[PDB]
J.: 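Please see the structure below; I have some questions.
This chain uses plain numbering: 1 for the first residue, then up along the sequence. Ligands are counted one by one from 1 in listed order, and the atoms in each one are counted from 1 as well.
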Amino acid sequence: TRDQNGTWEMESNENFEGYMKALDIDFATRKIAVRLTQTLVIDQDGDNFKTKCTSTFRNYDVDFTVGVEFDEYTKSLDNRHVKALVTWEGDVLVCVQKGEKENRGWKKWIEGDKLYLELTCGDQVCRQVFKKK
Ligand SMILES: *C/C=C(C)/C=C/C=C(C)/C=C/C1=C(C)CCCC1(C)C
C-alpha cells in the first residue's frame with residue numbers, strides 16, 4: 001500500500017546516533033535525541049503530505065507534494081540548504097535531499113501494521129520502525 005496515513009508511535013530506532021553524527025548534529029543534541037520516543041503523524045491526501053514529528057523535546061513538521069522538487073533549509077537540524085524530492089518506487093516512498101551530504105534522504109514503506117523509515121546520510125543508515133496508535 002501507498003497509504004501511510006496515521007499516528008505512528010516509534011517502536012525501535014537503530015543507529016540514530018550514527019545518522020545524526022553523519023549530519024553533524026552536536027553531541028548534546030544527539031545525546032537527548034537518541035533516548036526519546038517519537039510520534040510521527042502523517043496526513044496524506046493524494047500527493048500532498050503533511051508530516052509531523054513529535055517528542056518531549058523538539059517537534060518538527062515538513063510538508064511536501066510527491067513529485068514536486070522543494071527547497072529545504074534544515075533549520076533545527078544541521079542547518080543546511082538542500083533540494084528535496086519525494087517520489088514513489090513501487091510502494092516505497094523515496095526522499096532524496098541533494099546538497100553537501102552524499103546519500104542524504106530517506107525511504108519509507110508500510111509492511112503489515114508497521115511503518116518503516118530508513119534515514120541515510122553519507123555511509124550511515126538509521127532504521128526506525130513505527131506502529132499505528
Ligand atoms: C516521512 C518521514 C519524515 C518526514 C521523517 C522526518 C524525520 C525528522 C524530521 C527527524 C528529525 C530529528 C532528527 C533527524 C535528529 C534530531 C531529532 C529530530 C527528531 C528533530
Side-chain angles (χ1 to χ4, degrees):
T1 181
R2 286 183 172 155
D3 183 6
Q4 303 185 347
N5 273 290
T7 294
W8 298 93
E9 304 187 286
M10 174 176 267
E11 217 173 62
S12 56
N13 188 6
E14 179 185 328
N15 192 35
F16 199 30
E17 160 71 9
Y19 167 81
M20 285 182 298
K21 168 179 296 187
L23 285 170
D24 308 308
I25 290 154
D26 66 273
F27 190 67
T29 302
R30 298 203 305 269
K31 189 151 145 65
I32 296 147
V34 83
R35 67 200 196 200
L36 298 170
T37 306
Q38 301 184 25
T39 301
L40 168 54
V41 178
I42 295 169
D43 184 342
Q44 170 186 355
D45 179 22
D47 290 326
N48 303 309
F49 284 73
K50 294 195 196 96
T51 293
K52 167 173 64 80
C53 301
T54 61
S55 71
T56 50
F57 190 31
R58 227 139 256 254
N59 296 333
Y60 207 91
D61 358 273
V62 60
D63 308 331
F64 56 84
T65 298
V66 172
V68 176
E69 183 163 70
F70 60 108
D71 296 358
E72 296 197 280
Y73 174 69
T74 58
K75 49 212 224 258
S76 289
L77 293 182
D78 61 315
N79 288 280
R80 292 188 173 97
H81 296 265
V82 295
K83 288 202 168 292
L85 177 60
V86 183
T87 57
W88 288 107
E89 291 181 3
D91 61 332
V92 182
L93 191 63
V94 177
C95 173
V96 175
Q97 289 162 318
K98 293 203 196 145
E100 180 64 28
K101 298 288 174 174
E102 290 242 334
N103 309 308
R104 184 185 179 152
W106 49 255
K107 300 174 194 211
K108 188 182 297 161
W109 69 92
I110 304 286
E111 310 225 285
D113 56 340
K114 279 141 61 166
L115 179 68
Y116 294 79
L117 173 60
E118 175 183 288
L119 301 146
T120 54
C121 182
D123 61 357
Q124 298 294 307
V125 179
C126 166
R127 308 175 181 285
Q128 304 181 343
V129 184
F130 297 77
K131 186 171 175 294
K132 245 180 189 206
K133 167 112 194 107

J.: Are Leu115 and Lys108 close enough that some pair of their side-chain heavy atoms sits under 4.5 Å apart?
T.: yes
J.: Taking heavy atoms and a distance under 4.0 Å, where does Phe57 meet ligand 1: side chain, backbone, both or neither?
T.: neither
J.: Where is the nearest protein heavy atom to atom 5 (C) of ligand 1: which residue, which atom, and how far?
T.: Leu117 CD2, 4.0 Å
J.: Can you sort out which atoms of ligand 1 are near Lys108, meaning under 4.0 Å from one of its heavy atoms?
T.: 1 (C), 2 (C), 3 (C)
J.: Report yes or no: is the cationic atom of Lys107 (NZ for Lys, CZ for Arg) closer than 6.0 Å to the six-membered ring centre of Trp109, at no more than 45° off its axis?
T.: no
J.: Salt bridge or not between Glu118 and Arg127? Use side-chain N to carboxylate O under 4.0 Å.
T.: yes
J.: Taking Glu11 for the side chain and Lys131 for the main chain, is one N or O donor matched with an acceptor at less than 3.5 Å?
T.: no
J.: Under a 4.0 angstrom heavy-atom cut-off, which atoms of ligand 1 come close to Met20?
T.: 15 (C)
J.: Does this structure show an ion pair linking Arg80 with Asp24, if we count only N-O contacts that are shorter than 4.0 Å?
T.: yes
J.: For ligand 1, which atoms sit closer than 4.0 Å to a heavy atom of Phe16?
T.: 13 (C), 15 (C)
J.: Identify the protein heavy atom lying closest to atom 9 (C) of ligand 1, giving its residue, its atom name and the separation to 0.1 Å.
T.: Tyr60 CD2, 3.5 Å
J.: Under 3.5 Å, is there a donor-acceptor pair between the side chain of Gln97 and the main chain of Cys121?
T.: no
J.: Where do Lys50 and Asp63 come nearest, in terms of heavy atoms and distance?
T.: CA-OD1, 3.3 Å
J.: How far is atom 11 (C) of ligand 1 from its nearest protein heavy atom, and which residue and atom name does that atom have?
T.: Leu77 CD2, 3.9 Å
J.: To check your reading of the model: name the closest protein heavy atom to atom 6 (C) of ligand 1, its residue, and the distance in Å.
T.: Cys53 SG, 3.8 Å
J.: Does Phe49 have a non-hydrogen atom less than 4.0 Å from ligand 1?
T.: no
J.: Considering heavy atoms of the protein only, find what lies nearest to atom 17 (C) of ligand 1 and give residue, atom and distance to 0.1 Å.
T.: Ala33 CB, 4.0 Å
J.: Which heavy atom of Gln44 sits nearest a heavy atom of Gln4, and at what distance?
T.: OE1-N, 2.7 Å
J.: Would you say atom 3 (C) of ligand 1 touches the protein, meaning some protein heavy atom is under 4.0 Å from it?
T.: yes
J.: Would you tell me whether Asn59 and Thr54 have side-chain atoms, one donor and one acceptor, within less than 3.5 Å of each other?
T.: no
J.: For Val62, take its heavy atoms, then give the atoms of ligand 1 lying under 4.0 Å from any of them.
T.: 4 (C)
J.: Which option out of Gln38, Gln128, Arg30 puts a heavy atom nearest to atom 19 (C) of ligand 1?
T.: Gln38
